[PDB]
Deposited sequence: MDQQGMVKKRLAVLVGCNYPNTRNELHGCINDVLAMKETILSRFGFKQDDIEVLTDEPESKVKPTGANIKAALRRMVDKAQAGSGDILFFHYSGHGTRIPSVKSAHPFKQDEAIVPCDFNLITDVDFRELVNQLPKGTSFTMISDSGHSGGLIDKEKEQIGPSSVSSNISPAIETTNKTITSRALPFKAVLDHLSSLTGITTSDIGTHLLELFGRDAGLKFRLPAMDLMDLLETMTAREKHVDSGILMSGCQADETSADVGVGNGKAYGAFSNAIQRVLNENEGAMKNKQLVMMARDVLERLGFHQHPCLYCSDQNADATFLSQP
């Protein structure tokens, strides 16, 4: 029985804009080399969506969700397929409570209910490992149980001397960017997103609130018996993630680089909980104040990262 190893790698540098980053595409290329070498992924099973000017497939909201949607609908029940999704780019929070989201290059926001809907499309036994090196990345898979974070873990280190830039955009910056495209002025971000993207907008913005409630009740019932999502966030829900370096071609994400360092120092198979904890140790010692978090079931917290033997 053939097992599939599929990957979608997304990197947004937003070049030549007001929200430029410099290490996100390098994060994608480094993670692509890691899964090709160490974890047995094949070139034909990896989709890369980066926003360099000459890119042929840009990481728009529709293109990202379509790529994740092609990984869905290939996972088979009882096959234990291995799905992987890496995101390096800007994140944001949108409104008593706030939702977490990533910011595609066209600002077609993908929120935490979108990823909760995604993991509920997967059969039991399959794994969806998501590494989101972005601001406010904690909780990007809504209702996924926090295994490592502010509610599951118990001297101050001097702040890093590296040159860093935040991978989080304020809500006003996202709203103003969408206003520059629509030409309308309203405080409802869903109105801009529905106008711009229509059926390709986020699930939160297409469904009326009570219709979304009925949909979430079906997921709550399914999550009591199937739990396939594994989220490794670069920071907490109330934090940002650091983009390290300048535009010299050597920039990187602090969390993505910490993951690569832990893998370089531990060649054997590593549990999902162990990888996040050691990545937290790396960033804490290096003076970074972001706290990577882990969200998955108890069984997947004890499973090896990407099912390495």
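Wait, which stretches of the deposited chain are just not there in the structure?
According to the record, the gaps fall at 1-5, 101-107, 167-170.
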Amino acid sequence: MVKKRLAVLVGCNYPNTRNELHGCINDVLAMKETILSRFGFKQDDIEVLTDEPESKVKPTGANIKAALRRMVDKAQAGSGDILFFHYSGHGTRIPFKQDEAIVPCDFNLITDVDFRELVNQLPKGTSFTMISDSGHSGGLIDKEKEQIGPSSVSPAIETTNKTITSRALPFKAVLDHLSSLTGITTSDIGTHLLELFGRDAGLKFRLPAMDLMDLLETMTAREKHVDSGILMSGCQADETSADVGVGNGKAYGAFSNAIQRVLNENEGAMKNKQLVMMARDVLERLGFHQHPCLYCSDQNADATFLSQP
From here on, numbers count along this sequence of modelled residues.
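Using only C-alpha atoms and the B-factors in the entry, which stretch averages higher, 238-246 or 54-62?
Mean C-alpha B-factor is greater for 54-62.
Between 172-180 and 111-119, name whichever shows the higher mean Cα B factor according to the PDB entry.
Stretch with the greater average CA B-factor: 172-180.
Taking the Cα B-factors listed in the entry, which of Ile164, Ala201, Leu140, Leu212 comes out highest?
Going by the entry's C-alpha B-factors, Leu212 comes out highest.
Top residue by Cα temperature factor, when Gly89, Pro155, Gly229, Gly149 are compared in the entry:
Of the candidates given, the C-alpha B-factor peaks at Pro155.
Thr17 CA temperature factor, ranked by third within the chain
Highest third of the chain for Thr17's C-alpha B-factor.
Mind checking which third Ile82 falls in for C-alpha B-factor across the chain?
Middle third of the chain for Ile82's C-alpha B-factor.
Place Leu6 in the lowest, middle or highest third of its chain's C-alpha B-factors, as listed in the PDB entry.
Lowest third.
When the deposited Cα B-factors of this chain's modelled residues are ordered and cut into thirds, is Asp281 in the lowest, the middle or the highest one?
Ranked within chain, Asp281 CA B lands in the middle tercile.
Modelled-residue ranking by C-alpha temperature factor, third containing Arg93:
Ranked within chain, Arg93 CA B lands in the middle tercile.
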